[PDB]
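Just the one chain here, the form deposited without its partner chain, laid out as structure tokens.
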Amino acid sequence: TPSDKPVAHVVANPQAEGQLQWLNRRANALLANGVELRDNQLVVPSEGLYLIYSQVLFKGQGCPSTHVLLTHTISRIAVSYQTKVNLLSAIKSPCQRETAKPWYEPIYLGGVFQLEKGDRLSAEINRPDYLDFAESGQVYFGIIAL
């Protein structure tokens, strides 16, 4: 008997230039048991405890400057409050000393949260141009009802 757990696993569009865009209509990606993908946000169908997780992989060609900053943030908007709050957020200086060999920064973010029916979750970054799409499974965003 299949699970009725609301779940989703969405992957980033490699040819969406200038943006981090989630897709479900791709191999090994899904929306099930009521989770919707609307306006690039995962929409929660029922209240409960959820795992929420996201991966982005950044790459640079050497370190031209010590100043490049990288950000990756999961956000929540609850229907009652109509406000947008970070659940999980990382900021990273990839370059300590100026350089030209390629560098990589994977950021995985996850945890368990109390969510409400109709919440909208978003997973966002500051620099889509630094995203790497060399192989599949490098940029994803999901939730799993516990």
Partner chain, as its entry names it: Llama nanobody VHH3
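Take the two forms, superpose them, and find the largest set of C-alpha atoms that agree within 1.5 Å; that set is the rigid core. Only residues modelled in both forms are compared. Positions refer to the first chain, counted from 1.
Trainee: Answer yes if residue 98 is missing coordinates in at least a third of the other compared entries, and no if every one of them models it.
Mentor: Yes, residue 98 lacks coordinates in at least a third of the other compared entries that model both of its neighbours.
Trainee: Does residue 65 go missing in at least one third of the other entries compared here?
Mentor: Yes, residue 65 lacks coordinates in at least a third of the other compared entries.
Trainee: Enter the number of deposited residues without atomic coordinates between residue 99 and residue 100, binned as none, 1 to 3, 4 to 9, or 10 or more.
Mentor: The entry has a gap there, with 4 to 9 residues left out between residue 99 and residue 100.
Trainee: Decide which of the stretches 115 to 123 and 90 to 98 has the higher mean C-alpha B-factor, going by the entry.
Mentor: Here the higher of the two C-alpha B-factor means belongs to 90 to 98.
Trainee: Read off the CA B-factors in the entry, average them over 59 to 67 and over 38 to 46, and name the higher stretch.
Mentor: That would be 59 to 67.
Trainee: Taking only the Cα B-factors deposited for this chain, tell me whether residue 10 sits in the lowest, middle or highest third.
Mentor: It falls in the bottom third of the chain.
Trainee: Please say which third, lowest, middle or highest, residue 29 falls into when its CA temperature factor is compared across its chain.
Mentor: Answer is lowest: the recorded C-alpha B-factor places it there.
Trainee: Based on the entry's values, in what third of the chain does the Cα temperature factor of residue 109 lie: lowest, middle or highest?
Mentor: It belongs to the lowest third of the chain when residues are ordered by C-alpha B-factor.
Trainee: Could you place residue 85 in the lowest, middle or highest third of its chain by Cα temperature factor, using the values in the record?
Mentor: Ranked within chain, residue 85 CA B lands in the middle tercile.
Not on display, but discussed next: the form deposited with its partner chain bound.
Trainee: Where does the chain move between this form and the one not shown, taking runs of at least 3 residues whose CA atoms all shift 2 Å or more after fitting the core?
Mentor: When the rigid core is held fixed, residues 63 to 65, 96 to 99, 133 to 135 are the runs that shift.
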